[PDB]
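Form deposited in one PDB entry, single chain, as structure tokens, below.
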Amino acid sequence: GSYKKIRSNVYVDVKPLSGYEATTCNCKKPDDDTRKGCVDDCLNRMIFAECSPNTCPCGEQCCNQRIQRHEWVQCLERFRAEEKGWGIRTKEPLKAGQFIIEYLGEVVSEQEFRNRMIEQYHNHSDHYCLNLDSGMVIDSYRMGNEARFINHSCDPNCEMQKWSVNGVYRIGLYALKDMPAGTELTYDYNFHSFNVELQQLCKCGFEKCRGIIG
């Protein structure tokens, strides 16, 4: 699979404004340099907002700015996944709830995407897209990052979380459970993949596999 690598979303014909900014939290700055801020009941984190750095009381210690500062894990690797094409796995262990990577691509309207589905994406045997917000999709058929190669599983070890970052909705991949070196990342497409009849057979090999994707 060939594609165009990007470092941040390309906004084609829509603007996915969250319609709320993040607004100053009551977290305390730890005195220890190497101790992280905004972990617990960050007001922002509470509602899935990243802190704005012009106002976080924790400055460079805030850990609620992961998407903003592109704090992706460095240990990912692409590989051939039996009966699934290509996939992604981690090289070192990951921890429950740890931020992994942003899902990137072209941010398009409901209709634009339907149009792409007709005039280009018809003949495809792999699909690369995620729902964003209210008839807007992230289309990574052409552009994205390594997140486009993460396979579906009816029993996922990762999840897509919609975040509000500086007034804009974006999607980060987060671990659901602990994972050791060599584990393939998977998430559940059903909850997130746009529904315009992209029925495909599932091969996750989960004992209770739903059998289809969508």
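In case it trips you up, residue 1 is the first one in the sequence shown, and so on. Whichever C-alpha set is largest while still superposing within 1.5 Å between the two forms counts as the rigid core.
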Between 129-137 and 81-89, which has the larger average Cα B-factor in the PDB entry? 81-89
Can you tell me whether 150-158 has a higher mean C-alpha B factor than 52-60 in this record, or the other way round? 52-60
Which one of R170, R45, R69, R35 shows the top CA temperature factor in the record? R35
Sorting by Cα B-factor within the chain, modelled residues only, which third would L104 end up in: lowest, middle or highest? lowest
Record-listed C-alpha B factor of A181: chain third: middle
Give the position of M143 by CA B-factor within its chain, expressed as the lowest, middle or highest third. lowest
For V14, return the chain-relative third of its C-alpha B-factor as stated in the PDB record: lowest, middle or highest. middle
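There is also a form deposited in another entry; it is not shown, and the following applies to it.
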Do you see a C-alpha shift of 2 Å or more at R78 between this form and the one not shown, with the core held fixed? no
